[PDB]
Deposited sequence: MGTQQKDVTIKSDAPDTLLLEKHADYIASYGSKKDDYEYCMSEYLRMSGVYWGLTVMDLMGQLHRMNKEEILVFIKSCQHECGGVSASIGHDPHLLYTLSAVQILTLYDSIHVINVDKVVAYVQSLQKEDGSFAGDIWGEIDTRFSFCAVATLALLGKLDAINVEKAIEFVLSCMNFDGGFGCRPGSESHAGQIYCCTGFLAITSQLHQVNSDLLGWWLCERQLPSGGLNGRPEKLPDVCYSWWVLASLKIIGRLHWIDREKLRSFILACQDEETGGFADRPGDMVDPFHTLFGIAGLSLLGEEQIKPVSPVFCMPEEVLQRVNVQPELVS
């Protein structure tokens, strides 16, 4: 019932040239300045989307590699920006970036591994950093980081699995911690986790698949849970989860595709969360990544687990089997 109405002059074509221009120029002040606490992830979003569009070369590799090395702390963890504190979120983003650039050597991999290992708790959960916040988002960050590094065996895998499964809910979904309500972002993190650790047989794909496909509103856009507004970044969170569990056809592909394209800004380029809002690189990545999962020919195939081009993951030989 809560939904947007898409206007009749909303963009209905894919404006790749404009999106690559938008990202290539991003960061040449306010919100920028203000989002510096997530810069490493911001860099990952821009680079990944450019690579999916065949334009990664237009970004600054050498500059990014120096920035990344400057963000690894003595504990082995990586921060969002220079002088900020290390966290699993930005350790993942950094490793995804280095993987895109085949430059893993730029940081101390042994120390990343020991950092991830040190944040696992007795129940198998992961804290995001030394201050102890527990979230299944960090379970995914931990195993996704380690998988890309070839070091999944560094953590207690069965305990980690048991924790994630203790976050499974009556509706087939997953939340932040045990007892937490189902949410598409957490569902992405947990199904991604279970793909990486070879535990998808433990998901009820029909039940969760149903909950996910019921995220699609009359507008064609997807929300993140019952009774919320659609948002372009669920084109990623919901669609990726559906793909992981083999139920992507449970969405109306054409209606979602029209919704996503309506979220483009035809003047600036980029995508916004919903039509006619302000554009950002986060929604630009997730819009483009959603279109690729839906089979858009001008965009490289994207991994639903790692949100990186499949050709990158093929190179590092990390491609978790999904549900057929």
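- Coordinate coverage of the deposited sequence is interrupted at 1-4, 33-35, where no C-alpha atom was modelled.
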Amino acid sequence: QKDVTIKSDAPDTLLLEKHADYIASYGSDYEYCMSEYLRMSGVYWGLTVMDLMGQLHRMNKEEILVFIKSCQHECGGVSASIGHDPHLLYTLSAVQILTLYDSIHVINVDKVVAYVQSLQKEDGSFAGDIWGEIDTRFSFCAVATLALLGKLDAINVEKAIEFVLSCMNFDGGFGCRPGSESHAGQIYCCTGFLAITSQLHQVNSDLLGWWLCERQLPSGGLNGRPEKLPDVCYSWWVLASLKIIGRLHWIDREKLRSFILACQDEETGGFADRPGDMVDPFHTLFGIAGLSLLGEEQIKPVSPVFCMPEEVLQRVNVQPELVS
From here on, numbers count along this sequence of modelled residues.
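Basically, rigid core = biggest C-alpha set you can superpose within 1.5 Å across the two forms.
- For the pair 7-15 and 299-307, greater average C-alpha departure from the shown form in 9 other deposited structures of this protein after core alignment is found in 7-15.
- Larger root-mean-square CA separation from the shown form, computed after a rigid core fit of the structures in 9 other deposited structures of this protein, is seen for 232-240 when 126-134 is set against 232-240.
- If you average the C-alpha B-factors over 262-270 and over 34-42, the higher value belongs to 262-270.
- As listed in the deposited structure, the average C-alpha B-factor of 126-134 and of 70-78 is greater for 70-78.
- By the numbers in the PDB entry, the CA B factor is greatest at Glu254 among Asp171, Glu254, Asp231, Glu158.
- Looking at the C-alpha B-factors along this chain, the one for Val164 belongs to the lowest third.
- Annotation for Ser118: CA B-factor lies in the middle third of the chain's modelled residues.
- Annotation for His183: C-alpha temperature factor in the lowest third relative to the rest of the modelled chain, per the entry.
- Ranked against the other modelled residues of its chain, the C-alpha B-factor of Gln199 as given in the entry falls in the middle third.
- Placement of the Cα temperature factor of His84 within the chain: middle third of the modelled residues, per the deposited record.
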